[PDB]
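Okay, here we've got a single chain as structure tokens, the form deposited in one PDB entry, with questions on binding and movement later.
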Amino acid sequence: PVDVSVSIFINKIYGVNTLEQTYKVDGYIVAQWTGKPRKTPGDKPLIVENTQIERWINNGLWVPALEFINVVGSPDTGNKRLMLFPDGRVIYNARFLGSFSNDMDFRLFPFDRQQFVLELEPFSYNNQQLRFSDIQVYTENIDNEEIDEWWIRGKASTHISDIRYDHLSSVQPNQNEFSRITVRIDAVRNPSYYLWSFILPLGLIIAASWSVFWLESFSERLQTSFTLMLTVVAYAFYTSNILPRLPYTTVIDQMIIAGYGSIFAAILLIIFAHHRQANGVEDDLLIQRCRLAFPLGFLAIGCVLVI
């Protein structure tokens, strides 16, 4: 089994899609393995550029075809080169630009924390023909930087494992385990834009929804509740183009639900305090004292939403 020594240089991370859970990684990759000695012009190494590599593969040079597992679409390679040494070791350098994917959990959406993963694997050689001896990742350009609204925290984590495929078992009996290199990069979301853009106006709308009971006329109370309903609908659209259709509920979706519930409970209590009459002569003040109750109750609901 040939011992390949991979080394990855993450040049930049960008294009982080939350609706699609993809991200674009641009970088270089250097593989290195020892073969048999050869005769090079002079005694220096020999550099072979892009379209001259297959002229060497045709004459019997063994270059493995590494691939990225978690990629979305075939990656965009740029330049590539071989470096052949008279000592015998071959070095394959190549520039990649790929669109990768990972499982993201958005249950704390503005105050989020995910990781960007790169999974590299030989396409056709098992660990009985090719194994990765080590892996070195050089995130110098993204070490502690604010790429988008994403804080990259610390040094990347590397791992080498063996993955078994139940397909190819009829092709290679018991020699169907492949080496795999995994690179993980932790990232923390910067929640500031969602604070001054989504949390503050929705909180003020819920406060102004509590502030309906300080009116008098039944008609103004209902029309006020309906204008506030229209504002909540506008903010319900405006939060839909930042986050996918998740089965659970985030903070902002819970605030939209809280605004809807505030308006509906205010309408219900207003209609009830208008209809709770003897015949038509009664006026209610035992139930219009929720100027302090509804802030207390909905503060308790927000607190139990925090826990």
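Rigid core here is just the name for the largest C-alpha set that superposes within 1.5 Å across the two forms. Heads up: residue numbers just count along the shown sequence, starting at 1.
FYI, the form deposited in another entry isn't displayed, but the following is about it.
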query: Position with Cα shift of 2 Å or more, rigid core superposed between this form and the one not shown, options 148, 76, 186, 87; finding: 148
query: Rigid core fit then residue 130 CA moved by 2 Å or more between this form and the one not shown; finding: yes
query: Core-aligned CA displacement of residue 31 at least 2 Å between this form and the one not shown; finding: no
query: CA of residue 281, rigid core aligned, shift of 2 Å or more between this form and the one not shown; finding: yes
query: Closer or farther in the other entry, the Cα atoms of residue 6 and residue 146, when the shift from this form is 3 Å or more; finding: farther
query: Pairwise C-alpha change, residue 143 versus residue 96, in the other entry against this form - closer or farther, 3 angstroms or more; finding: farther
